[PDB]
Number of protein chains: 2
Amino acid sequence: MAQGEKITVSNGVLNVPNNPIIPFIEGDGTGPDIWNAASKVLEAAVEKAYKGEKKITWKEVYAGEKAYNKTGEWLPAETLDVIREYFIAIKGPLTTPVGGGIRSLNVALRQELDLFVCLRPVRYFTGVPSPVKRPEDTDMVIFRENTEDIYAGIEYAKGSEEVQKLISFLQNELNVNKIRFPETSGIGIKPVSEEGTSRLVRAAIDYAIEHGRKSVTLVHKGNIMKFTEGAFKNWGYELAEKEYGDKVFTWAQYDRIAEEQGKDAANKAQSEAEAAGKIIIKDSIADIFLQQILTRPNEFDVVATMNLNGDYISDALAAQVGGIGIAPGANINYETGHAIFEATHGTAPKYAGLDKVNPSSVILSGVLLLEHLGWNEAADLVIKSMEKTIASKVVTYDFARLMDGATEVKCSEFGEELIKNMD
Amino acid sequence: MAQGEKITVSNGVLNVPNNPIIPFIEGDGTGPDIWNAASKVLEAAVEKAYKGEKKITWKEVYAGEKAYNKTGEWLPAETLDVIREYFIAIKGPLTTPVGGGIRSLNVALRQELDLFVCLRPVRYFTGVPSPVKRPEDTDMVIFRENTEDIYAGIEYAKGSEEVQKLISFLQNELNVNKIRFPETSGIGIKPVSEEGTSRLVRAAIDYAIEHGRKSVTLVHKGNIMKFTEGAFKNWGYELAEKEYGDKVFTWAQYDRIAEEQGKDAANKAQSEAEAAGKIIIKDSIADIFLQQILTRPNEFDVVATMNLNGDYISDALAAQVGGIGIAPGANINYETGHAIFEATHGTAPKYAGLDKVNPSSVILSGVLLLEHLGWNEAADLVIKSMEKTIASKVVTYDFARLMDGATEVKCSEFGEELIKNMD
């Protein structure tokens, strides 16, 4: 559009103008309500932090219900082209049909734009009602591989000629005898690669280094899925040692020391590496990890895992700190500079247009957007206000009905309270 | 045919002699310590319950490291044969290597003996230390499909001739273009069938009816894996309505009424079904389920899910109520009568031989075994004593170091306290 200038990228590094054009997708259901509040909170933070020197120019693009109704398409090619060209976008909730229909629009965006990292930071905000005793012990950053795994969408339906072809090939060419009920089976394909794992783990480690995080935990179900999830664990340790040998201490290295010199030697080497500021690269079996995030959350910092595990872990963590409707998220390609910041919750249609939805998820994803732009002073203004506002108990219905003595406010009003509290 | 006798089955119902021979696998790590205490507690309950009329004759079989040391085989045919002939067995943990090595022996047993249901009861014992505020709200029974899904063990590693053939087939013959990095991918195959789903769901519903549970929740990630997990959801709803029409009210039914007669007609029908004592068949997307078991666990009773989801869900729930040191499990083929009882997880291998670990998981698995035999009085004696013992705060270290004023005891001594507490 006329007003504003395009962000550009040189070698994955963003060239951000003072007046960047930022595309946005409103989202379906409660999306429009959240967007009205979130956009204004973010704008306020930018003007207050930079005294008018900077300003965002929003540019609407369509996806989901709004796009179907307006263009007859759920994800216009135009939307993808605009995101590819302007690099950084923010989006509200989109709808996905179960058991059938078109494949997830959210996943289409991730795959088509190759936004390989799903970044999910999870922390506790004082005042938020939580189902666990010590939610404050949770402070992690999840790096979820976002382009492969079972999300590839490679599957064939029971009764289709394609599943029959696939089963015949597996049985006759690969002598597979482990399919329990081959006549009534639907089949899914799960790809996990060295290339996909490497770029994801690299981003996880880079983040741990830059933010002074103490460890990166590789999460996998490698005992059962040896050549995909088990391979992920090995590829991750290998990358860590090959590219960050001087800054990290891995458990694979711990394994070798233990075998060659004993465990006393290994425990001693790990302790010295920590004292020396080395980042510990460790791993946790997925099912066990789901237990330990509840019982020993303080043992985890940065977490690197696959698409499916990441989806489950992120949600389990968000519920733990009582942040189910306020968790921020970012889909980022760290090599090309592209990123889509988004609402991590559903469209919650029941309240569409009622102005009562909690806009915090989009607001916090906007905080990630601001940090990605390098506008940290603005980002910090939003975080601090969010902290104070939630602690004051002037919150939307979802929090209010769980707290005692809360002042339930509308979505727009909550947005206003955040701005009010920015100083 | 000496002193102890073999259990036999009649059209699916167990004919249990009063002096049954029950095979057992000691297991790796702390398996031997647990088995020494567990066996005596179970024997004590049998003796105290039936005044000497009954006696269990344990028969050791080998699997894992112990079997390899003795025979050069990880799972001797004889072990399978003895378990198959004697019908019911109890086992300690068996270690599965990550990323290579042998395929899970725990899974091999389940497959070989077609033990299609992994039954995981989850309830809170007063006094047990928990990370959540209200562990008392959690009372569920997980029915995990135990013979298919990604656990089939169908996968090929990067660089293998097999993965090359598979990838080429998918790309050239099925026109797959969604494998992000075909040159460095390992590939896993995920089968989910109508036959497998049906027998699992049938067992879950039968259990709900039999035990007066109010609902059966189908857990799946069908919005992403449409033809496997989405198909499981549909097949589960279909079976419910086709075979248990008069006894249930499903959400699928709810939606059809809405489509046809509106939301009010559908709301009226559900209430009338509640009133009439009909079991509610509903569903939850797996990632959201992981949040809901923390925020509103009282909304779930019986849960029916696939192999992988069942693994994750069971562990996440167990962490709310004591964890691995107390979580029991049962692998059961409801049609043939065969069953293997076991704890969900292994280790604290650094405690192997130190008489420290909690033997409760295997003891509670023994309670499921007693119930499976139809020896409910013996089973109830164990439950009552476990409730009495834990509440008295005379527990092992895993619990002791989390309570205040607990009397920490050895593994063997915890067993003696339980026998002591048998009323």
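Residues numbered from 1 in each chain as written, not as in the entry; some residues may be left out. Chains lettered and ligands numbered in written order. Heavy atoms only, no water.

- As recorded in the entry header, the structure was determined using X-ray crystallography to a resolution of 1.55 Å.

**Overview of the overall build of chain A**
- The secondary structure content of chain A amounts to 15 helices and 17 strands.
- What you see for chain A is a C-alpha radius of gyration of 23 Å, in line with the 22 Å of a compact globule of 423 residues.
- Dimensions of chain A, computed from the C-alpha atoms along their principal axes, are close to 60 × 60 × 50 Å.
- Contacts in chain A between residues far apart in sequence, at least 24 positions, make up 74% of those at least 6 positions apart.
- As presented, chain A carries roughly 16200 Å² of accessible surface, and 47% of it is formed by carbon and sulfur atoms.
- The average position of the 46 basic charges and that of the 61 acidic charges among the side chains of chain A differ by 3 Å. (Helix = DSSP H or I, 4+ residues; strand = E, 2+ residues; numbered from the N terminus. Rg over C-alpha atoms; globule rule 2.2 N^0.38 Å. Contact = heavy atoms within 4.5 Å. Areas by Shrake-Rupley, 256 points an atom, 1.4 Å probe, with all protein chains shown as cover. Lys, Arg positive; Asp, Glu negative; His and termini not counted. Charge placed at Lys NZ, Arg CZ, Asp CG, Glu CD.)

**Focus on the relation of the copies chain B and chain A**
- After a rotation of 179 degrees and a shift along the axis of 0.2 Å, chain B superposes on chain A with an RMSD of 0.8 Å. This pairing of chains is accounted for by a two-fold axis. Residues of chain B ranked by C-alpha distance from the rotation axis are headed by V132(B), positioned 2.0 Å from it.
- With an isologous cut-off of 70% or more, the 98% of interface residues of chain B that recur at the interface of chain A puts this contact in the isologous class. (Least-squares fit on C-alpha atoms.)

**What to know about the side chain of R120(A)**
- Here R120(A) is to be found in strand 6 (residues 117–123).
- Residues within four places of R120(A) in sequence aside, it is in contact with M140(A), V141(A), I142(A), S314(A), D315(A), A327(A), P328(A), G329(A) and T344(A).

**Focus on the packing of helix 8 (residues 251–261) of chain B against helix 9 (residues 263–275) of chain B**
Residues and elements named next belong to chain B.
- At a minimum axis distance of 7 Å, the contact between helix 8 and helix 9 shows a crossing angle of 145 degrees. Considering the relative orientation of helix 8 and helix 9, their crossing is right-handed. Facing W251, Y254, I257, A258 and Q261 of helix 8, the residues of helix 9 in contact are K263, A265, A266, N267, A269 and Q270.
- Partitioning the contact of helix 8 with helix 9 into residue classes produces seven nonpolar, three polar and one charged. (Axes fitted to C-alpha atoms, helices over the stretch in contact; angles between N-to-C directions. Left-handed = near helix turned anticlockwise from the far one by under 90°. Nonpolar A, V, L, I, M, F, W, Y, C, P; charged D, E, K, R; others polar.)

**Points about the interface of chain B and chain A**
- Taken together, the contact pairs 84 residues of chain B with 84 residues of chain A.
- A combined buried area of about 7300 Å² lies between chain B and chain A, and 64% of that area is made up of carbon and sulfur atoms.
- For the chain B face of the interface with chain A, the top three residues by lost area are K226(B), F227(B) and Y312(B), together amounting to 10%.
- There are seven salt bridges connecting chain B and chain A. (Buried area = accessible area lost by both parts, 1.4 Å probe. Salt bridge = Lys/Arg side-chain N within 4 Å of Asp/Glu carboxyl O.)

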